[PDB]
Protein chains: 2
Amino acid sequence: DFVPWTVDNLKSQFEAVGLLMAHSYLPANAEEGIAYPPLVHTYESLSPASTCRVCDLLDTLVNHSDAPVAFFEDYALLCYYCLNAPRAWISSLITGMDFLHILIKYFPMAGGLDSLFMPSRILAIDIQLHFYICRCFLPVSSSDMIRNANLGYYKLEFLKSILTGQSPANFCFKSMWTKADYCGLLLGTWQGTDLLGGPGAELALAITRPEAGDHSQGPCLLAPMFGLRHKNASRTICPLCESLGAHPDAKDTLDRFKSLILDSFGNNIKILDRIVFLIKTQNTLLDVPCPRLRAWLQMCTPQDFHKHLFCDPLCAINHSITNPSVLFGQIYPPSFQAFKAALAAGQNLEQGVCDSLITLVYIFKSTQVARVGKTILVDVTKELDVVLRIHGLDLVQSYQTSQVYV
Amino acid sequence: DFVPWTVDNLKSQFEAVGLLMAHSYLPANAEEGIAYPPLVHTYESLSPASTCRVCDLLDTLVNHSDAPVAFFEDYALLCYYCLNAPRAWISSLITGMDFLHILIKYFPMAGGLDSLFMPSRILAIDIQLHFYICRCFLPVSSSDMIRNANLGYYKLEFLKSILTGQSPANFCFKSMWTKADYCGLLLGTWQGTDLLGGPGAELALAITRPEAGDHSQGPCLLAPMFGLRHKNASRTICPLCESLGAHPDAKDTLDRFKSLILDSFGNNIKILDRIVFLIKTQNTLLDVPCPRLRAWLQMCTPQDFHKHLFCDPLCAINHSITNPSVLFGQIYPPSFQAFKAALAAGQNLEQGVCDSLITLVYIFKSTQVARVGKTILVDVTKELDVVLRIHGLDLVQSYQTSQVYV
Ligand SMILES: [Zn+2]
Ligand SMILES: [Zn+2]
Ligand SMILES: [Zn+2]
Ligand SMILES: [Zn+2]
């Protein structure tokens with residue numbers, strides 16, 4: 001009956017997504033003012049000795065009387081879907097909305113599920129920290145909590161570094177270490193600087209904005225970079241990584257585009273020039289089925305295509321971990337209950353990507369965004385190169401894409 | 001019908017070469033003034049995320065209707081010639097003029113081919129960046145754009161370093177890494193300080209000069225060093241490397257001169273002394289056929305002969321890559337169309353020199369001209385020595401020729 005990533009489950013809860021997207025703007029003034037509640041709650045959530053608020057809520061609910069069965073099955077299904085989504089803005093939003101839907105469905109007698117997304121309660125950074133960064137649902141053996149704890153320390157330290165804007169104090173790298181789109185939601189909001197492209201029922205109902213925060217950067221705190229800075233006409237919220245999660249025909253379109261770039265030229269023209277030419281003269285952003293897709297896609301600067309396709313490591317992880325047949329595909333009903341039960345017992349939740357790889361990617365993005373020295377950059381670049389080559393990817397040398405794009 | 005390096009194709013387009021040589025003077029005042037248009041356009045062209053203007057023009061022309069055939073054949077012929085020319089001033093000028101000739105011939109309905117060489121359009125640095133530095137016409141396999149992109153980043157960074165006058169900020173070397181002469185054109189212009197030698201229809205029609213720029217350094221921005229600085233009576237525009245490209249009997253004359261130096265002495269006299277004696281007492285710069293050649297050659301200080309013949313690496317690359325039989329020799333007509341067609345399909349365009357070698361040479365010239373530390377100079381010297389010895393050359397140790405000549 002319930003299946004995640006169904007747009008209806010989000011279209012019927014606008015009173016909640018409004019409050020979520022309203023409590024996730026960065027402060028308007030550069031200086032915090034007096035004390036911006038979302039930022040202080042986030043800084044408390046990234047503490048090294050704090051408790052995951054999602055797990056805390058789950059235990060204060062389930063460990064009461066008569067926790068209904070099939071709740072663990074719906075939770076396992078939501079976790080299986082979040083295991084196959086790109087780390088981006090639309091993914092966090094959809095996960096939050098579907099989590100709230102499950103809670104309102106099965107546990108109606110709970111206390112404050114009508115105001116869940118407020119400070120001192122579950123917010124966006126908590127949803128990310130539970131479902132995507134340091135996932136808290138994969139089955140693990142008892143003798144395997146040590147390496148995970150250590151990598152968790154490094155993860156959280158460098159995330160706090162990304163957020164605060166200054167590299168960690170004490171760290172030397174060496175000697176350490178369902179068929180329905182969402183494009184209306186993306187195009188509806190995001191009238192800030194997130195497009196900068198050529199020009200510049202979801203769209204109608206996606207019009208609201210707060211005032212206490214910077215309404216030019218948009219809902220940053222949902223993104224996996226906690227901000228929107230841009231250099232050389234490339235930004236820290238890759239819109240292609242939203243398209244990967246907001247439409248079924250996006251990953252295949254980008255694969256076809258990459259094949260065209262690689263194969264439709266014989267000269268030694270630089271790849272950015274190939275992209276600019278394929279987009280400019282022989283328009284390949286018109287022969288796309290959805291009007292909203294190619295309307296939100298033809299307003300992406302070619303530097304962004306270059307970054308996403310050939311340069312950035314996080315975009316490669318997204319492009320290689322998503323699976324739009326699971327997010328926008330029906331499941332054989334005769335096997336549905338069997339699959340639900342198998343997930344409840346923890347049988348198919350495959351890790352996906354490694355954990356050292358994610359920590360290394362976050363370290364790299366931290367040194368790419370915030371300030372950094374030299375002897376750490378030149379070394380994290382080499383290590384990222386070797387690890388990415390091992391794991392089965394092929395991107396340009398990382399020093400270039402660390403000094404050119406942001 | 002059309003063949004490159006024919007002096008007639010340049011003698012009939014003086015209204016264009018005048019504007020090209022007028023828009024390529026360094027600014028008169030040391031400080032830019034307000035904003036010197038050529039310099040700002042160049043700084044935009046050496047950006048790490050910009051588009052090659054030559055390829056952009058070629059696509060905005062050819063990818064329109066009825067791009068005539070045999071245009072790709074003439075373009076392939078021009079590229080084959082530029083594949084066999086010395087990196088110098090006369091080479092860039094001739095390539096620009098012949099490119100404009102081809103464009104005016106085949107694409108007459110184009111928009112502004114009468115004012116092509118203006119700022120915000122094709123200029124000299126763009127011609128160099130297309131035809132000589134990071135050549136954009138060699139056929140390459142699809143799986144070979146990565147190493148090329150990385151080397152391109154380093155190339156452009158250190159070229160910008162040569163131009164701006166300060167070494168790159170973030171760089172640690174270790175842990176990284178047709179029978180008709182042109183001599184009238186050279187002797188006609190270049191009444192600045194480019195000769196400093198003994199004394200001090202092309203020449204008649206080579207008299208024009210702008211006023212907004214430094215008319216003492218001459219058209220620097222065509223050279224491969226973007227300036228004319230000189231130390232110890234040796235300059236950064238090697239005139240011998242112009243002779244290599246402006247006369248058929250130049251490479252053989254210099255080879256004979258080198259053989260005389262090496263073989264006509266038994267004592268242990270230093271090589272600069274051998275040069276000074278061979279030029280002074282037993283004049284060997286009179287028994288030269290062309291009057292213009294030995295008139296423009298006997299005004300070259302012996303330090304310059306020494307540099308070009310035995311010391312500098314770029315001059316060795318020039319002396320070993322040029323091929324004056326291709327630039328000043330007729331082709332067997334029964335095979336002309338076959339050769340043109342074979343070039344159009346990309347069959348004979350051999351790379352020539354490596355790409356790491358060119359990047360290393362530019363790094364060396366950058367540290368030789370601009371400011372630099374120590375731990376980078378002493379190491380690039382060793383690496384250049386080893387690479388040059390591998391590639392089949394024999395020059396003096398590079399530290400000396402880095403501290404003595406400029
Ligand atoms: Zn948790
Ligand atoms: Zn992306
Ligand atoms: Zn080019
Ligand atoms: Zn020379």
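A few remarks follow.
- Candidate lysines for bridging to residue A:105, where Cα separation is under 19 Å - those fewer than 8 sequence places away on the same chain excluded: A:11, A:340
- Alpha carbon centroid spacing (whole Å) that separates region A:124-190 from region B:337-405: 45 Å
- Theoretical gain in end-to-end length, residue A:335 to residue A:233 [0.36 nm per residue, Cα-Cα removed]: 32.0 nm
- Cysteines not pairable in chain A (beta carbon separation under 4.7 Å absent): A:79, A:82, A:134, A:136, A:172, A:183, A:220, A:290, A:300, A:311, A:315, A:354
- Cut-off under 5 Å, modelled amide H: who pairs with residue A:352 long-range: none
- Distances in nm from residue A:347 to the matching label points in the other copies, shortest first (labels 7 Å along Cα to Cβ): 6.3
- Sorted from nearest, the other copies put their residue B:112 label points 6.4 nm away, the label point being 7 Å from Cα in the direction of Cβ.
- Cα-based shape type of the protein assembly as shown, given that a ≥ b ≥ c are square roots of the gyration tensor eigenvalues and the cut on a/c is 1.5: prolate
- Neighbourhood charge, 15 Å Cβ-Cβ cut-off, centred on residue A:25 and excluding it, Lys, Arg +1 and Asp, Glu -1: -3
- Where chain A is rotated onto chain B, the residue of A whose Cβ comes nearest the axis, and that gap in whole Å, is A:375, 12.
- Loop-located chymotrypsin sites (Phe, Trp or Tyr not before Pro) in region B:1-109, at most 16 other Cβ atoms within 10 Å (DSSP): B:2
- Translational diffusion of region B:180-271, estimated by Stokes-Einstein from the Kirkwood radius over alpha carbon pairs at 37 °C in a medium of 0.692 mPa s, is 211 µm² per second.
- FRET efficiency, 1/(1 + (r/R0)^6) with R0 30 Å, evaluated for residue B:47 and residue A:259 via beta carbons: 0.60
- Taking 16 Å as the cut-off, the amide N atoms of region B:308-349 that come nearer than this to a point 7 Å along the Cα-to-beta-carbon line of residue B:396 belong to B:308-316.
- Under-5 Å amide H pairs with residue B:195, H placed in peptide plane, nonlocal only: none
- Cα centroid separation, region B:1-25 to region B:66-97 (Å): 13 Å
- Relative contact order for region A:289-395, counting Cα pairs under 8 Å that sit 6 or more residues apart, in percent: 30 percent
- Inter-chain shielding of A:398-406 (mean C-beta neighbours from other protein chains, 10 Å cut-off): 3
- Label-to-label distance for residue B:40 and residue B:63 is 2.8 nm, based on points extended 7 Å past Cα in the beta-carbon direction.
- For region A:1-68: rounded, prolate or oblate by the Cα gyration tensor [a/c cutoff 1.5]: oblate
- Taking 20 Å as the straight-line reach from the Cα of residue B:179, the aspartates and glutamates in range (excluding those fewer than 8 positions away in the same chain) are B:1, B:8, B:74, B:98, B:202, B:242, B:249, B:252.
- In region A:347-406, the trypsin sites (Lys or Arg not before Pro) that fall in loop regions by DSSP, at most 16 other Cβ within 10 Å: A:371, A:374
- Across the identical copies, the label point of residue A:174 (7 Å from Cα in the Cβ direction) is separated from its matches by 0.9 nm, in order from shortest.
- Calculation over all alpha carbon pairs of region B:268-406 in 5 angstrom steps from 0 returns a P(r) of 2, 7, 14, 15, 14, 13, 13, 10, 7, 4, 1, 0 percent.
- In this structure, the amide hydrogen of residue A:300, modeled 1.01 Å from its nitrogen in the peptide plane, lies closer than 5 angstrom to those of A:198, counting only residues at least 5 positions away or on a different chain.
- Prolate/oblate/rounded label for region B:1-160 (Cα gyration tensor, a/c 1.5): oblate
- With Cα atoms defining each centre, region A:231-265 and region B:229-271 are spaced 55 Å apart in the structure.
- Shape annotation for region A:143-228: C-alpha extents along the principal axes are 53, 34, 29 Å, from largest to smallest.
- Percentage relative contact order, region A:211-270, counting C-alpha pairs under 8 Å, at least six apart: 14 percent
- Each other residue within a Cβ distance under 13 Å of residue A:60 adds +1 if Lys or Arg and -1 if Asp or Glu, for a net charge of 0.
- Under 23 Å of direct C-alpha separation, and excluding same-chain neighbours fewer than eight residues apart, residue A:155 reaches these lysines: A:174, A:365, A:374, A:382.
- Where the Cα pairs of region A:104-146 fall when distances are cut into 5 Å bins, in %: 5, 17, 17, 17, 20, 11, 9, 4
- Ellipticity estimate at 222 nm from DSSP helix runs (n ≥ 4, -39,500 (n - 2.57)) divided over chain A, nearest 500: -14000 deg cm²/dmol
- Length added when fully stretched, residue B:389-residue B:295, from 0.36 nm per residue minus Cα-Cα: 30.3 nm
- The base-10 log of I(q)/I(0) for region B:205-327, evaluated at q = 0.18, 0.20 Å⁻¹, reads -1.08, -1.29 [Debye formula, identical scatterers on Cα atoms, solvent excluded].
- Karplus-derived 3J(HN,Hα) values for region B:211-222, using 6.51 cos²θ - 1.76 cosθ + 1.60 with θ = phi - 60°, are 10, 6, x, 6, 7, 9, 9, x, x, 5, 5, 7 Hz; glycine and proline are entered as x.
- Note on A:265-278: average number of Cβ atoms from other chains within 10 Å of each residue's Cβ is 6.
- Gyration tensor (Cα) of chain B, equivalent ellipsoid semi-axes in angstrom: 32, 26, 23
- Ordering A:97, A:299 by the number of other Cβ atoms within 10 Å of each residue's own Cβ, fewest first, gives A:299, A:97.
- Averaging the sequence gap over all C-alpha pairs within less than 8 Å and six or more residues apart, then dividing by the number of residues, gives region B:201-309 a relative contact order of 26 percent.
In this analysis, Cβ positions are derived from the backbone assuming ideal geometry, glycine residues included, and neighbour counts consider all displayed protein chains. Values quoted throughout were computed directly from the atomic coordinates according to the rules given, and no laboratory measurement underlies them.
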